[PDB]
Every structure is written in C-alpha cells, then in structure tokens.
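Below: one structure, written as structure tokens.
Every number in this text was worked out from the coordinates using simple rules, so none of it is lab data. Cβ coordinates were reconstructed from backbone atoms using ideal geometry, including for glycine residues, and neighbour counts include every protein chain displayed.
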Amino acid sequence: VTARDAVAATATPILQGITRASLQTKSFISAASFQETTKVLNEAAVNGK
DNA sequence: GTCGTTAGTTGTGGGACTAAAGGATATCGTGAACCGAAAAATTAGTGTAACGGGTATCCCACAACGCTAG
C-alpha cells in the first residue's frame, strides 16, 4: 500500500465583528435567541447539532 | 476573429432598530325553493285500612322493709 504524508491546512487570522461572532457560536440555542432564528435552526437541523 | 475568465460594479433581497408602564377600538355588498333532521311538547294510563298473636324498641313511674315469735 502506497501512502503520502498528510497536508496540514493553512489559514490566516481574521478580525470578525461582534454580531457575526455571536451568530457563529457553537451553541445553537444561544445563536437562535439573538438573531436570524430561522437560519440558525435550519443549519442546526440539517447538521444535527 | 472568437470564446471562457476575472474583477468590479449594479440591482435586488433578507435582517437589525434600550429599558419601565399600558393595552379601549370596527369590521358592506343577499338568490330561491324544497327536503331532511332532530329536538321539543302533548297526551294516555293506575288508586287502601285494620286486623290475630308475638315481640323489638321508646317514655314514665315505682321499688330495692323492719320487727316478733317458734
């Protein structure tokens, strides 16, 4: 079996606004109670969070 | 000359907009006629009184002694 070394992802630091950071929290209950409830609940249901 | 690509618009669509109290509204337009459904009202029909013993209970009153002789 021939294998190759795994390639690590590359990324850059990014400054995010407070609204986007609040809306991108790992808890869908917290995000759904701030803004865009339909969108957060949709993504949470499709992804099964 | 011609076809796919990339970046910068441009128009269009979806999503935010303190906290406390309070918190009353007015709401058109009309086509007919018959049948069925069930909910309601009206009508038609039958009846006791004391007695025998014997005994369960009630109220209501009274008793539940003292002395002498063989």
Exercise. Give me the Debye-computed log₁₀ of I(q)/I(0) at q = 0.17, 0.23 Å⁻¹ for chain A, equal point scatterers on Cα only, no solvent, two decimals.
Key: -0.64, -0.84
Practice problem: State to the nearest 20 debye the size of the charge dipole of chain A about its Cα centre, where the only charges are +1 on K and R beta carbons and -1 on D and E beta carbons. | Solution: 40 debye
Self-check item: J(HN,Hα) series, the range A:43-49, from Karplus relation 6.51 cos²θ - 1.76 cosθ + 1.60, nearest Hz, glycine and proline x
Solution: 5, 5, 6, 5, 8, x, 5
